[PDB]
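K.L.:
my sequence and its experimental structure, below.
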Amino acid sequence: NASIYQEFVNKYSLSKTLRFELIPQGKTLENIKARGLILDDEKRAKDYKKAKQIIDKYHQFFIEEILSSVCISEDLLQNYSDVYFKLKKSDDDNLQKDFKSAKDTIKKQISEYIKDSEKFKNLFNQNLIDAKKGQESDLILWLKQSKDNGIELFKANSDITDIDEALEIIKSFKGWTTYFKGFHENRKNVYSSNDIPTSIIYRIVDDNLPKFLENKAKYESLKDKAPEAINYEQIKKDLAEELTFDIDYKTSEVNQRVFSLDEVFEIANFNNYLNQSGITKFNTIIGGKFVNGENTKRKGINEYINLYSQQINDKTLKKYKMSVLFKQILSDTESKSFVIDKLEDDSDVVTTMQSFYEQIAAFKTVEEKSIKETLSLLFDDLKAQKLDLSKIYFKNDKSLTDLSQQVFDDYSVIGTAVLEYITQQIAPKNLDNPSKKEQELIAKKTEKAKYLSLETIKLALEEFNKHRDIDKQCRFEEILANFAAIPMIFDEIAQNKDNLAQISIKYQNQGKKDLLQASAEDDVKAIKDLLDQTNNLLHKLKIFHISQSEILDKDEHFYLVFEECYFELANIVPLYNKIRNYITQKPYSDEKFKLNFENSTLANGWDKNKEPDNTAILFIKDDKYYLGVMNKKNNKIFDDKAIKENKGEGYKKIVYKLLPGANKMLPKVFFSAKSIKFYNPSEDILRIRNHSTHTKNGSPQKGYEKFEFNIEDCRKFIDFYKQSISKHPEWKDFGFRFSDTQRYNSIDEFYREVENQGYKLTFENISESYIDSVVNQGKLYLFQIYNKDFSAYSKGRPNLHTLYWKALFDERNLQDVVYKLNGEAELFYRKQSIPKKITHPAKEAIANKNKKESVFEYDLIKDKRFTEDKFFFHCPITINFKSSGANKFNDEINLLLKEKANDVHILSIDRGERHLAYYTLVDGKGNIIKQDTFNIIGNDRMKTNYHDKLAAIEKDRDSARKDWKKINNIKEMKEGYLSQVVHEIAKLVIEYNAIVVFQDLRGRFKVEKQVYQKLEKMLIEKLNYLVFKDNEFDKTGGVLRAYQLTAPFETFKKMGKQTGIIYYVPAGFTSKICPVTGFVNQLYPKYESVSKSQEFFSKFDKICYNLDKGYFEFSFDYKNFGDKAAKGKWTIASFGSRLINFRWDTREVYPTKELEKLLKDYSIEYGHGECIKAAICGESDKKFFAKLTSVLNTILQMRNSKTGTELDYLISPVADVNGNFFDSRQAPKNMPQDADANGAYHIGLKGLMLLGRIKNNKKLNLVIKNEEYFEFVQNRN
RNA sequence: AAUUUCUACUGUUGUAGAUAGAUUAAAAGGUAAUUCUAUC
DNA sequence: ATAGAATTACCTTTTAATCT
Ligand SMILES: [K+]
Ligand SMILES: [K+]
Ligand SMILES: [K+]
Ligand SMILES: [K+]
Ligand SMILES: [K+]
Ligand SMILES: [K+]
Ligand SMILES: [Mg+2]
Ligand SMILES: [Mg+2]
Ligand SMILES: [Mg+2]
Ligand SMILES: [Mg+2]
Ligand SMILES: [Mg+2]
């Protein structure tokens, strides 16, 4: 049976690259190493990285210079801001155009500034690095000027020593300017006025300007609604350095001073936040900073906002949180906050540890006692009540809470005890309501008090126990006992030290960095442990430490001795951070590097004419393919003379002919002064060329006036191009077969025909003896292009990439090209990265995961490919070369779907916590044909659960981050797993004439297990060019005629809700809805007030108990509530039990019995079937409405699941026509067996609505509003 | 337990399926340490 | 014991440009 997508073949051209191994042939590798080419290119990669760093320093200076010259007027900024805020409340077209114009005028200002500078003329051309003898290069001039001045550009750079080495490096790349072409293209994107995020124009205007305006709005709104939020005096003291600016752009005053927050948020002063320095200032104003030697961190705006929010208990203030500005496009980032030193190697770590612990061991206080003995005696005297508890204090911070949790198993015991004691002491009368002065005194004595005396704690606890029960009361002796056990910790530490003794010697060598290796895990596990132990001790002592308040009267001997000890111990904080920062690094791994073979243009073009200049040639021998690179000194090996002289049977050399960019190439050859006389152009053809009458918008020659386009002129010009092509020496051999000139309506059509037909591969036979000679002498370097399919023992279906490569040269492809070979291929070298461990030696039994054992005559080495040095070949090709990219691809897909809508199915896919992905196949009527999870994707005998695999990897990564172990990759597992899912989905799409449907949510999931967006992206990519290896070479679905069922997808930003056959529906109410009735919970019952909740409950029609069915019925009409988006009359029932997730753990809740208990407690009679709605609305108790609303929510919770188990079911609170309530546990085959299945099925129903809109359609919209969705789903059936 | 490379394999010097590279920039998130605070 | 707002350090993944 034929597929409906048979027509969608060869629809648009796309680009791919294939990857192969290069296997050196004969003496090739010997000659390579003899000349040391691999060494040369290894050094050149390092030099190239350095050169790019140097160019980047020049670019950073240029950017700072431009942004220092730039000034954006306050009027432009205010106009932008006004239109920008007006855009928020309306989508009108005039506002869109006005915003576009303001954005573009600001961009134009900055773009003029960048064009004006002199350096910009030579910023991306050859003149940067290499110039002639007359003038030196701009980069070299800037380096020499910087050296002449007192500035050392490469102090921060570790790879470059000084500017003299920088000069060496730039001078070494003379004659290699083309090597930087691409890089310079990258750099052009930094200054482009187009809407590309790589530009500083973009970063200022598209990114940072809206953030600053939003922050200014938030600042003024906060000033109105929370004036007491930010402490302006303190923030001006703390952040003076970042509030200092030279120029107030509102008043134009060139005065350097500390700005007010009012000034920093004046719109014009946005001019101060364009460069990286001002960006860091502004972001520091938002974020505060740590200052070396100050124990308290200085606060920014957001911290004052959050503290005030916590103070007055208003979470609405979270709305006014400031947004950090994004960095400037090439800037090195400077931190205003403190930055810790760095340990260099293993020896640093071990020596610093040993110094710390020897210091802690040998230390003695003024009372000549060790830390251990001293703390022991101190806490023993404390235990024995020998000290004045009114002169010893606990910090009233998290340390006291931690103590309460550790000793009384409740963090709030000590705090509430002290609050009750101070409340009872300051005001015995009016305990519930303190006075206006007593409230401030209370809070100042407890909440505001930095420290609390042990006296206060003890008396508070003793008064607290009176009103506490006997089984659970908290005694001060328990706190004293906790402190008396602390010295023992020291002894425990001792043990580890001796063990670590040995460990120290292991890593006492310097420069080794062996602690970053995985083999050191065990030893690291010890180190961390010791550190962790010490750290914990520190915190247990931290509660006594007094911060930088240098006031309360204290036992001065106690505190002298304690602070001596604590100061010595507290060096563990820096040591801990240093060691963590070192060990967590991932160890250095070699990367592959580019091979050039002494050629800056090694594979930039395969054309025969370019062979001596690019030196890359392709050969075919039997069924094998070969890449050959000519020695730079011997690049005439395959000139025409040698080919004629050495015609032989051995190798088939590819001869490559390409006529690219016809619109520039043809007139370059025909009107060039060298040959313009040859292709004799008439005066009329020259008149067509001079005034561009053959084009609508082309440029005229020699400054003539452009004449209106004339199709007759265009066709005569096309005919001159044809005549000239036939006169041309090399192009005549393309065998062009143009359509009739009268068929053309545009010059571009003819150009496209030229470019389509202007690619031809042919072959020349060459003596094997000649290839062997030239590869032996070292004049040719020869490699076989290889993957596992070219093995003599392959004997199976090949890789898709193998098929594409072979099709490049297939007779059937060459007669009408779909696979075209492109230029700018690349060669790489990859050094061996793991030791060759022979994992399964020959003639030994090996265990099978599914025969129970296997044996082989040969060895089997794990990761053999990484146990030796290898060459690689990245080769770019174009597929569907003669067709062009179709803008109207979605429209054609929709036309096809409208014609054959009866054959169409809906493959809808949802995600879940329990299911990585879950699919639902729906027929045109809305019935479910298929449904299964994608967690298990092992077909046939072997089944693999990639959900468990991915969840295990996630747990492993969490464990690793915590334990300083190497974080293993989860990305490769997700890609290998999704390949199978994509395969299955393609198969389904074609077997069932399906369209795929997903839900709208971007890129911020933070559940490492989740795979939804990656699956979308991989599926789009696959459906761009769908080949089935089992199809026929020239039939639909084969190599020449692949399915194209999706649009190209350049970005997600561009992509709407349809790419080809993949549609997106809103995720709203896809899984929290009934599959039978369509009921959805748009009553949102929350408890606010008694008046509000009785107002709510009076909107129902009736509320009663049903005896004949034994459950409560709430009947209502959705029209009586806020919005008519959901409409209709519904009766909901307390039928069935529910599962509640709390802290996770789960709980069985029976709502009918809870409703019974609540009605008995308030003595409302329901037992005879009476309607109790009036009695509900008349109740006055807060608790009644709170519990009623809670039970009503529980009734509406259709998704019920126990976390940590399989069950995730869905029960409806609405009964069907037969009186049954849907439950996924006992649901028919055509019904969703699962909550996630329900989500998939309703995503599919939204897709079915879309199919309907396609079938019945000009101006087709795939926007699905909730109203139409509800009407569709719950209307019938 | 072999790979252009990934995943699952042993399917026997390999078997399925997938596989757009190079370069450049930026963002997002995770974990720890530290600061100030809020919680029935 | 949860958690919020910051800073620093280490890490992985994702997205969007240029060319092919
Ligand atoms: K400026
Ligand atoms: K102010
Ligand atoms: K590590
Ligand atoms: K490779
Ligand atoms: K497939
Ligand atoms: K893959
Ligand atoms: Mg001005
Ligand atoms: Mg060259
Ligand atoms: Mg194969
Ligand atoms: Mg290149
Ligand atoms: Mg493997």
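P.N.:
Arrived safely, thanks for sending. Residues are numbered from 1 along each chain as shown, chains lettered A, B, ... in the order given. Ligands and ions are numbered 1, 2, ... in the order given.
K.L.:
residues contacting the residue lying closest to residue A:257 once chain neighbours are set aside?
P.N.:
Leaving aside its sequence neighbours, residue A:257 sits nearest to residue A:244 (Cβ to Cβ, 6 or more residues apart in numbering; 6.7 Å). (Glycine included, C-beta is placed from N, CA and C.) With contact set as Cβ atoms under 8 Å, 6 or more residues apart in numbering, residue A:244 has these partners: A:256, A:257, A:258, A:259.
K.L.:
check residue A:461 too.
P.N.:
A:414, A:417, A:474, A:475, A:476.
K.L.:
ok, now with 7 Å
P.N.:
A:417, A:474, A:475, A:476 (Cβ atoms under 7 Å, 6 or more residues apart in numbering).
K.L.:
on that earlier part again, strands - which of the contacts of residue A:244 land there?
P.N.:
A:256, A:257, A:258 (DSSP state E).
K.L.:
just confirm the last one contacts residue A:236, I think it does.
P.N.:
Yes - using Cβ atoms under 7 Å, residue A:258 and residue A:236 qualify as a contacting pair, with a distance of 6.0 Å.
K.L.:
mutual contacts of those two, please.
P.N.:
Residues touching both residue A:258 and residue A:236 (Cβ under 7 Å, 6+ apart): residue A:243.
K.L.:
for the closest residue to residue A:992 other than its chain neighbours, give me phi and psi.
P.N.:
The shortest distance from residue A:992 to any non-neighbouring residue, by Cβ to Cβ, 6+ apart, is to residue A:905 (4.4 Å). Residue A:905 adopts backbone torsions of phi -120, psi 170, taken as degrees, to the nearest 10.
K.L.:
in stretch A:128-135, what's buried?
P.N.:
A:128, A:129, A:130, A:131 (16 or more other Cβ atoms under 10 Å).
K.L.:
I meant to write stretch A:607-622 there.
P.N.:
A:607, A:608, A:610, A:611, A:614, A:615, A:616, A:617, A:618, A:619.
K.L.:
state the pair within the contacts of residue A:461 that is farthest apart.
P.N.:
Using Cβ to Cβ, the contacts of residue A:461 reach their maximum pairwise distance at A:417 and A:475, which is 11.4 Å.
K.L.:
does residue A:330 touch residue A:190 like I think?
P.N.:
Yes - assessed by Cβ under 7 Å, residue A:330 is found in contact with residue A:190 at 6.3 Å.
K.L.:
pull up the overlap in contacts between the two.
P.N.:
Shared contacts of residue A:330 and residue A:190, counting by Cβ under 7 Å, 6+ apart, come down to residue A:59.
K.L.:
out of the ones in strands among the contacts of residue A:244, which comes closest to DNA strand C?
P.N.:
Nearest to DNA strand C among these: residue A:258, at 19.7 Å, using Cβ to the nearest atom of the strand.
K.L.:
what's opposite that closest one in the beta bridge?
P.N.:
residue A:244 (DSSP bridges).
K.L.:
could you check how far it is from ligand 2?
P.N.:
12 Å (Cβ to the ion, to the nearest Å).
K.L.:
before we move on, what about residue A:317?
P.N.:
For residue A:317, the distance to ligand 2 - Cβ to the ion - is 19 Å.
K.L.:
how about the buried residues of stretch A:128-135 in JSON lines, adding secondary structure?
P.N.:
JSON lines is the format used below for the buried residues of stretch A:128-135 (DSSP: H, G, I helix; E, B strand; the rest coil):
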{"residue": "A:128", "secondary structure": "helix"}
{"residue": "A:129", "secondary structure": "coil"}
{"residue": "A:130", "secondary structure": "coil"}
{"residue": "A:131", "secondary structure": "coil"}
